[PDB]
A.B. asks: 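Got a structure for you, questions after.
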Amino acid sequence: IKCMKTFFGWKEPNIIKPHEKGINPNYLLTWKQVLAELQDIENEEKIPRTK
Amino acid sequence: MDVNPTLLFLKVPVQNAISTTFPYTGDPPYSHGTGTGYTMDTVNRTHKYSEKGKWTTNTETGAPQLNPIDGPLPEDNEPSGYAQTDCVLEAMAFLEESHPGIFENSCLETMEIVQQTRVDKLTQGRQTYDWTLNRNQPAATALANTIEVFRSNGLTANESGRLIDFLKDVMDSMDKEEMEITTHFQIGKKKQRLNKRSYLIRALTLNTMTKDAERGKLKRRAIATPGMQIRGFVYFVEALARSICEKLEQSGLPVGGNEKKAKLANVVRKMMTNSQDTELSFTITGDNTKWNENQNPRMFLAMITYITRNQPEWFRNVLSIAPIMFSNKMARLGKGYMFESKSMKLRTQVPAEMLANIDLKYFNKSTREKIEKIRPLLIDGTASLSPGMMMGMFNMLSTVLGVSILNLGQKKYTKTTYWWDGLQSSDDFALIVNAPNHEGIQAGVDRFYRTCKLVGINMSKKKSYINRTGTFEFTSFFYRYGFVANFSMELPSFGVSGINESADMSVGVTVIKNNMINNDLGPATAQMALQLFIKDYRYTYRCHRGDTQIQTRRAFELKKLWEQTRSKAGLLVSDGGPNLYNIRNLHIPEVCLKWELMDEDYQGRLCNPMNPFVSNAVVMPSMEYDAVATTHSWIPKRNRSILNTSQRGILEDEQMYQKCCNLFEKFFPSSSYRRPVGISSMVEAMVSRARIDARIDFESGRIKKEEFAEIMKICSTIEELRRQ
RNA sequence: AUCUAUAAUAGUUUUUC
RNA sequence: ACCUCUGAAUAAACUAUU
RNA sequence: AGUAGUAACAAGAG
Ligand SMILES: [Mg+2]
């Protein structure tokens, strides 16, 4: 969380080079879910070992 | 500048940097699914190498058997199993003539071994193919099941405890019209009654599987597990072959390590000295192609027959049984195959026992060809495999054959200006050829190759080369005017072995010391290896230093122990203490190394015999790499996968076995130290010991007459219970 | 000067088209 | 569907340690 | 999809 906070410049993610055999919107949703759950664990005032 | 590590060999000779050519830091290749494809490939290839042999049908099992002995002499350089029996007998004869008395003395030693060996020799090993369950079992478990089945069928000659009596019981079982077994299912017991041919097929069957974690091989290969019936005969044949090999200078077995390197170096230097200065010398770094798929059990029977001439009949019979059983052997096909339906999204396991009469549309082209080739051989769920030695068996007898071919290379036998000699280890060999000129070298190599062809040995041309004597490779040892160090071979041994904390610490330090002694591991690299091992040990066992804040589940307890300790250096690394090891004290156990630095109470707790983690006394539980047992000598959990199977009564049975064994040890204190021997039952032996001990105690006055009478009454009660 | 204890555990070595 | 269980042992020789 | 490679995993069993 601290390393993420050290970076300013987070834009809206978008696909640049897609996975030709995969479902790229699933990858986008995965990244956005990671960001959302990082914010969730940041807002729970007790960071656990695992999420 | 593009980095090219291989260019290092332009200045460093390849043997001196041979460790760089072993990529043993990554995971080794594994086999993922079934081994049936590899087993069928091996069976087809073995029969193809002997395809010009004579076909017969076995009268006892019905299996088609291919006999390549005395087949046509080859006209090309393809592998073949057409060994000539007279050539093998002549090679044995000349080996005996060059070393007079070798076979006689070897037979004397082997007769002693055969007469003295006990039945529990069969438990030495990991797995044995249990015919009563059609799968692998632990060697002791397989032996116990076989003995129980034999007892239920009136085959009780093994009660003597001798291995040869167990072999007599196996032979008698071969003649039983019906063998009965017991089966479990979802957990009741059911009796199954095999017939003569079914039992005979089971007893001649070797299990097959794939070899996992093999280095240096692109493709996987099949391996074998011998059954319970053949293990004793193979042990006796290998004992004879070992006795012969111990008397042969060219043998690479059964010497290993520094002794093997010294023997090979001495033999090579003796060959160099015996060579005239006015003649060329060349060495062949040679491999053999499919040694075990071209050698025939009939030729091993011939070798054993020649070796055991002028011996008692019983010895010849007991040695001959193993090649006879191996020439009638069957091979388990394995797990089978898995079939996947893409449209219906389903998968299913196809047993190997259905491949006899399964539709061939499912399989792909190569597997269909395998099945079409092997279907005539399939019987009772196994494949008839008469030719060939299956996998990793009779290695020392193979060494004997190779050494005889090497011995054929003396000038008295070549009868020309060239001669040869070399080293032999199972199938691998090195050959030294001497001749006045290059034509003689070529002629000697050709003669060696053709003689090997005659005895059914095919020299791998694509894996062999020849150069001036002085450098060669033999059994993964690289010789450059002497054997060089190869550190990469021992590199996987470094790390946490996974026994327990104390044992793993001892293993790490001992491995570092041994590699310093043997594999030219320098002192600086030894210190760095010690540091890396300590780091891996602390991470693996969650035993980082007490004065650190590595957040683990064990960190709070180690912090508490660190706080209350006065002398921190006395704590073991398992307890969060510091590492006191260096080069000078690698040979010293950790508990003894820092014994005088420990707190009195911490030392008393650590070395407390009344602790639950290890079963004026000392901590005792099989203490390999554990000089002093502490609370860190605990035992990890067993695998619990058996609880979901029908074999889960084995757990209760082994619990009761351990109970009875511990009770017996209460009567015979030396039983754990040295294995007890006897034909009497456990209760009978214990009662007799109790009676003699009570009588002696009464005589010496250690106990009074009332206690003696009480012990006698309890013994009489036990005797009464024994019959009923 | 000779010199394979026994046993247990782990590790190492041992490839056709 | 809940529930319950489970996380997977070739051969030989050798080497190391006990 | 991916791992992977001559056969598998992508949970299995009750
Ligand atoms: Mg070789």
Side-chain angles (χ1 to χ4, degrees), chain A residues 19 21-23 26-27, chain B residues 29-38 41-42 44-46 48-49 78-79 124-129 136-139 141 186 206-212 214-226 231 234-235 238 242 245-246 252-260 287 289-293 335 337-338 340 347 364 366-367 390-396 399 425-428 460 462-463 475-477 489-490 492-494 497-499 503-504 506-507 510-511 513-514 518 622-627 629 639-645 672-675:
Chain A
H19 179 208
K21 294 182 184 178
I23 305 178
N26 284 342
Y27 293 115
Chain B
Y30 268 70
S31 63
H32 299 255
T34 189
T36 295
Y38 307 108
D41 272 330
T42 300
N44 290 337
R45 186 169 51 255
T46 306
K48 173 195 176 186
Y49 286 148
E78 297 295 330
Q124 300 182 15
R126 309 186 66 88
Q127 299 283 289
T128 294
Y129 175 71
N136 287 10
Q137 289 292 267
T141 300
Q186 264 61 30
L206 290 87
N207 199 14
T208 48
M209 58 213 68
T210 324
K211 183 175 180 55
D212 290 319
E214 46 177 340
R215 297 283 187 178
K217 274 74 178 176
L218 166 64
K219 303 183 184 300
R220 310 283 72 77
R221 52 196 180 173
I223 50 184
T225 302
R231 274 169 62 87
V234 176
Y235 169 74
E238 285 312 285
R242 182 193 187 93
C245 287
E246 293 283 13
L253 292 178
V255 283
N258 299 285
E259 189 175 8
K260 174 181 182 177
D287 283 337
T289 159
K290 292 301 178 181
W291 173 285
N292 311 102
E293 295 180 8
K335 292 181 55 62
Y337 287 99
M338 283 202 59
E340 172 176 7
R347 58 182 175 184
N364 58 79
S366 184
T367 304
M390 287 203 63
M391 287 97 185
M393 310 182 70
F394 310 96
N395 287 328
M396 279 180 286
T399 312
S425 186
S426 184
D427 68 310
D428 197 1
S460 177
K462 56 186 57 183
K463 296 304 175 59
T475 57
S476 192
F477 295 157
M489 182 170 303
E490 289 282 56
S493 58
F494 293 75
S497 286
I499 308 175
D504 286 337
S506 299
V507 171
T510 308
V511 160
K513 177 188 63 171
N514 291 332
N518 292 273
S622 179
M623 302 304 294
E624 59 280 339
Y625 283 99
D626 208 352
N639 198 316
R640 312 172 60 83
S641 297
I642 199 179
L643 285 178
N644 293 338
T645 64
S672 66
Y673 177 67
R674 189 158 69 181
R675 170 208 59 190

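A note on names: the letters A, B, ... follow the listed sequences, proteins ahead of strands, and every chain is numbered from 1.
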A.B. asks: North (positive) or south (negative) by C1'-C2'-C3'-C4': which describes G11(C)?
C.D. replies: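 Judging by the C1'-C2'-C3'-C4' torsion, which comes out positive, the sugar of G11(C) sits north.
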
A.B. asks: Verify, without hydrogens or angle tests, whether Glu238(B) (side chain) and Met396(B) (backbone) share a donor-acceptor contact under 3.5 angstrom.
C.D. replies: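 At least one qualifying donor-acceptor pair exists.
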
A.B. asks: Between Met209(B) (CE) and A11(D) (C1'), how many Å, whole number?
C.D. replies: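 Rounding to the nearest Å, CE of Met209(B) and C1' of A11(D) are 10 Å apart.
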
A.B. asks: Contact class for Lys335(B) (heavy atom, under 4.0 Å): base, sugar-phosphate, or nothing?
C.D. replies: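 The answer is nothing, as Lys335(B) stays clear of every strand by at least 4.0 Å.
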
A.B. asks: Hey, is the main chain of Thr36(B) close enough, under 3.5 Å, to the side chain of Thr34(B) for a donor-acceptor pair?
C.D. replies: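 Here the side-chain-to-backbone pair exists.
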
A.B. asks: Toward the 5' end of RNA chain D, which comes first, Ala139(B) or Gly257(B), by nearest nucleotide?
C.D. replies: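 The residue mapped nearer the 5' terminus is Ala139(B).
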
A.B. asks: Describe the nucleic acid contact of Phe477(B) in one word from base, sugar-phosphate, nothing, applying a heavy-atom distance below 4.0 Å.
C.D. replies: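 Since no nucleic acid heavy atom lies under 4.0 Å of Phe477(B), the category is nothing.
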
A.B. asks: Tell me which of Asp287(B) and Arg242(B) sits closer to the 5' end of RNA chain C, going by the nucleotide each one is nearest to.
C.D. replies: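 On the 5' side of the pair lies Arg242(B).
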
A.B. asks: Take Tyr30(B) and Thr210(B), measure what side-chain contact (heavy atoms from CB on, under 4.5 Å) needs, and give me the verdict at the end.
C.D. replies: CA-CA 9 Å; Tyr30(B) 268 70; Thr210(B) 324; over 6 Å; no

A.B. asks: Is there a side-chain contact between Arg347(B) and the phosphate of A7(E), meaning an N or O under 4.0 Å from OP1 or OP2?
C.D. replies: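 It does not, given that no N or O in the side chain of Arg347(B) lies less than 4.0 Å from OP1 or OP2 of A7(E).
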
A.B. asks: Work out how far the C1' atom of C17(C) is from that of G7(D), and round it to whole angstrom.
C.D. replies: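 Their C1' atoms lie roughly 39 Å apart.
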
A.B. asks: What is the pairing partner of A8(D), taking Watson-Crick or G-U wobble pairs with both distances under 3.5 Å in any strand?
C.D. replies: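 Base partner found: none.
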
A.B. asks: Just checking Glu78(B): base, sugar-phosphate only, or nothing, at a heavy-atom cut-off of under 4.0 Å?
C.D. replies: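 Counting heavy atoms under 4.0 Å across all strands, no contact is made by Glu78(B).
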
A.B. asks: Assess, by modelled atom type and distance only, whether the side chains of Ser641(B) and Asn639(B) contain a donor and an acceptor separated by less than 3.5 Å.
C.D. replies: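 Their side chains do contain a donor-acceptor pair, which is all the 3.5 Å distance test asks for.
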
A.B. asks: Measure from the side-chain N and O atoms of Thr645(B) to the backbone N and O of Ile642(B), and report whether any donor-acceptor pair falls under 3.5 Å.
C.D. replies: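 Yes, the answer is positive, given that a donor and an acceptor are paired below the 3.5 Å cut-off.
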
A.B. asks: Side chain of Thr141(B), backbone of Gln137(B): donor and acceptor closer than 3.5 Å?
C.D. replies: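 Flag not set: sc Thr141(B) to bb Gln137(B) has no pair under 3.5 Å.
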
A.B. asks: Rounding to the closest angstrom, what is the interatomic distance between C5(D) and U15(C) at atom P?
C.D. replies: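 It works out to 44 Å between them.
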
A.B. asks: Tell me: CZ of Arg640(B) to P of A8(D), nearest whole Å?
C.D. replies: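 It works out to 13 Å between those atoms.
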
A.B. asks: Please state how far atom CG in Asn136(B) lies from atom P in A9(D), giving the value in whole angstrom units.
C.D. replies: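 Answer to the nearest Å: 12 Å.
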
A.B. asks: Using the P atom as the point on both nucleotides, what is the distance between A4(E) and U15(D), in whole Å?
C.D. replies: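 Between the two P atoms, the distance is 38 Å.
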
A.B. asks: Using a 4.0 Å heavy-atom cut-off, does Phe394(B) contact any base of the nucleic acid, only the sugar-phosphate backbone, or nothing at all?
C.D. replies: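 If one applies the 4.0 Å heavy-atom cut-off, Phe394(B) turns out to touch nothing in the nucleic acid.
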
A.B. asks: Please report the distance, rounded to the nearest Å, between CE in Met396(B) and P in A11(D).
C.D. replies: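 It is 15 Å, rounded to the nearest whole Å.
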
A.B. asks: Students often get this wrong, so: under 4.0 angstrom with heavy atoms, is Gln124(B) touching a base, only sugar-phosphate, or nothing?
C.D. replies: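 It contacts sugar-phosphate atoms only.
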
A.B. asks: By the 4.0 Å heavy-atom rule, please label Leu253(B) as base, sugar-phosphate, or nothing.
C.D. replies: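 Answer is sugar-phosphate: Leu253(B) comes under 4.0 Å of backbone atoms only.
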
A.B. asks: So, does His19(A) get its side chain near the phosphate of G2(E), meaning an N or O under 4.0 Å from OP1 or OP2?
C.D. replies: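 For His19(A), the contact criterion (side-chain N or O under 4.0 Å from OP1 or OP2 of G2(E)) is met.
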
A.B. asks: On the nucleotide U15(C), are OP1 or OP2 found under 4.0 Å from the side-chain N or O atoms that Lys290(B) carries?
C.D. replies: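 It does, given that an N or O in the side chain of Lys290(B) lies less than 4.0 Å from OP1 or OP2 of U15(C).
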
A.B. asks: Can you tell me how far P of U17(D) sits from CD of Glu624(B), to the nearest Å?
C.D. replies: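 So the CD-P distance, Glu624(B) to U17(D), works out to 13 Å.
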
A.B. asks: Counting Watson-Crick and G-U wobble pairs whose two distances are both under 3.5 Å, find the runs of 3 or more in a row that involve RNA chain C.
C.D. replies: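 Detected stem regions: C:7-14 with D:11-18.
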
A.B. asks: Would you say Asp212(B)'s side chain and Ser31(B)'s backbone share a donor-acceptor pair under 3.5 angstrom?
C.D. replies: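 Pair found, side chain donor or acceptor close to backbone of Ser31(B).
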
A.B. asks: Taking for each residue the nucleotide of RNA chain D with the nearest heavy atom, is it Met623(B) or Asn644(B) whose nucleotide lies nearer the 5' end?
C.D. replies: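 Checking each residue's closest nucleotide, the 5'-ward one belongs to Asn644(B).
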
A.B. asks: Would you mind pulling out the nucleotide paired to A8(E), Watson-Crick or G-U wobble, both distances under 3.5 Å?
C.D. replies: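 Its partner is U3(E) (Watson-Crick or G-U wobble, both distances under 3.5 Å).
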
A.B. asks: What does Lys217(B) touch in the nucleic acid at a heavy-atom separation under 4.0 angstrom: a base, only the sugar-phosphate, or nothing?
C.D. replies: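 Base contact.
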
A.B. asks: Between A1(C) and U18(D), how far apart are the P atoms? Round to whole Å, please.
C.D. replies: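 That atom pair is separated by 26 Å.
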
A.B. asks: Please determine whether a side-chain nitrogen or oxygen atom of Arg231(B) lies at a distance below 4.0 Å from atom OP1 or OP2 of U10(D).
C.D. replies: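 No, no such contact exists.
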
A.B. asks: Taking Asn136(B) for its side chain and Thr128(B) for its backbone only, find out whether a donor-acceptor pair lies under 3.5 Å.
C.D. replies: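 Pair absent, no side-chain N/O of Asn136(B) close to backbone of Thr128(B).
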
A.B. asks: Once you apply a heavy-atom cut-off of 4.0 Å, does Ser426(B) come out as touching a base, just sugar-phosphate, or nothing?
C.D. replies: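 Answer is nothing: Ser426(B) stays at 4.0 Å or more from every strand.
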
A.B. asks: Answer with base, sugar-phosphate or nothing: what part of the nucleic acid does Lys219(B) contact at a heavy-atom distance below 4.0 Å?
C.D. replies: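 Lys219(B): base contact, heavy atoms under 4.0 Å.
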
A.B. asks: I'd like to know if the side chain of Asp428(B) and the backbone of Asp287(B) have a donor-acceptor N/O pair within less than 3.5 Å.
C.D. replies: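 No: the side chain of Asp428(B) does not pair with the backbone of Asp287(B).
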
A.B. asks: Any base atoms under 4.0 Å from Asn26(A), or only sugar-phosphate, or nothing? Heavy atoms, all strands.
C.D. replies: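 No contact at all - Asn26(A) keeps every heavy atom at 4.0 Å or more from the nucleic acid.
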
A.B. asks: Using atom P in both nucleotides, what's the gap between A11(D) and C9(E) to the nearest angstrom?
C.D. replies: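 Rounded to whole Å, the distance is 26 Å.
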
A.B. asks: Between the protein and nucleotides 10-13 of chain C, list the N/O to N/O atom pairs that are separated by less than 3.5 angstrom.
C.D. replies:
from: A10(C); atom 1: OP2; to: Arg126(B); atom 2: NH1; distance (Å): 3.2

A.B. asks: Let me know the distance between CG of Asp212(B) and P of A11(D), rounded to the nearest Å.
C.D. replies: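 The answer, rounded to whole Å, is 14 Å.
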
A.B. asks: Reckon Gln127(B) has a side-chain N or O less than 4.0 Å from the OP1 or OP2 of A11(D)?
C.D. replies: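 Indeed not, no polar side-chain atom of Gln127(B) lies that close.
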
A.B. asks: If you compare every side-chain N and O of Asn207(B) against the phosphate oxygens of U10(D) (OP1, OP2), does one of them come in below 4.0 Å?
C.D. replies: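 No, no such contact exists.
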
A.B. asks: Kindly label the base of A8(C) as syn or anti, based on whether its glycosidic torsion lies within 90° of 0.
C.D. replies: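 Anti conformation for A8(C).
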
A.B. asks: Measure from CG on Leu218(B) to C1' on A7(E) and round the result to the nearest Å.
C.D. replies: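 These atoms are roughly 15 Å apart.
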
A.B. asks: Whether the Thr46(B) and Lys290(B) side chains hold a donor-acceptor pair (N or O, under 3.5 Å, no angle test) is what I'd like checked.
C.D. replies: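 Side-chain D/A pair, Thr46(B) to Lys290(B): absent.
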
A.B. asks: Keeping the roles fixed (side chain from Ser460(B), backbone from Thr289(B)), state whether a donor-acceptor pair exists under 3.5 Å.
C.D. replies: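 Side chain of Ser460(B) to backbone of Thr289(B), a donor-acceptor pair under 3.5 Å: no, none is there.
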
A.B. asks: How is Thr289(B) classified with respect to the nucleic acid when contacts are heavy atoms under 4.0 Å: base, sugar-phosphate, or nothing?
C.D. replies: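 Sugar-phosphate contact only - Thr289(B) comes under 4.0 Å of backbone atoms but never of a base.
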
A.B. asks: So what does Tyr38(B) hit on the nucleic acid, given a heavy-atom distance under 4.0 Å: a base, only sugar-phosphate, or nothing?
C.D. replies: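 Here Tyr38(B) touches the backbone only, sparing every base.
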
A.B. asks: Return the nearest nucleotide to the side chain of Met338(B); candidates are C9(E), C14(D), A7(E).
C.D. replies: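 The listed nucleotide nearest to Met338(B)'s side chain is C9(E).
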
A.B. asks: Taking the side chain from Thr510(B) and the backbone from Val507(B), do they hold a donor-acceptor pair closer than 3.5 Å?
C.D. replies: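 A pair under 3.5 Å: no.
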
A.B. asks: Touch check for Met391(B), heavy atoms < 4.0 angstrom, all strands: base, sugar-phosphate only, or nothing?
C.D. replies: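 No contact.
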
A.B. asks: For a quick check of understanding: with a heavy-atom distance under 4.0 Å over all strands, which category does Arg674(B) fall into, base, sugar-phosphate or nothing?
C.D. replies: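 Answer is nothing: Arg674(B) stays at 4.0 Å or more from every strand.
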
A.B. asks: Say whether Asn258(B) and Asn518(B), considering side chains only, have a donor N or O and an acceptor N or O under 3.5 Å apart.
C.D. replies: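 Yes.
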
A.B. asks: Taking the nucleotide of RNA chain C with the closest heavy atom to each, which residue, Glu293(B) or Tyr673(B), is nearer the 5' end?
C.D. replies: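 Its nucleotide being nearer the 5' end, the pick is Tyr673(B).
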
A.B. asks: Rounded to whole angstrom units, what separation is found between the CZ atom of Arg220(B) and the P atom of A8(E)?
C.D. replies: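 Result: 15 Å.
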
A.B. asks: With syn defined as a glycosidic torsion within 90 degrees of 0 and anti otherwise, which applies to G11(C)?
C.D. replies: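 Because its glycosidic torsion lies more than 90° from 0, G11(C) adopts the anti conformation.
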
A.B. asks: Quiz question: going by heavy-atom distance under 3.5 Å, is there a donor-acceptor pair between the base of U15(C) and the side chain of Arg221(B)?
C.D. replies: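 Absent.
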
A.B. asks: So if I take every side-chain heavy atom of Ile223(B) and compare against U16(C), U10(D), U17(D), which nucleotide ends up nearest?
C.D. replies: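 Of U16(C), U10(D), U17(D), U10(D) is nearest to the side chain of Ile223(B).
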
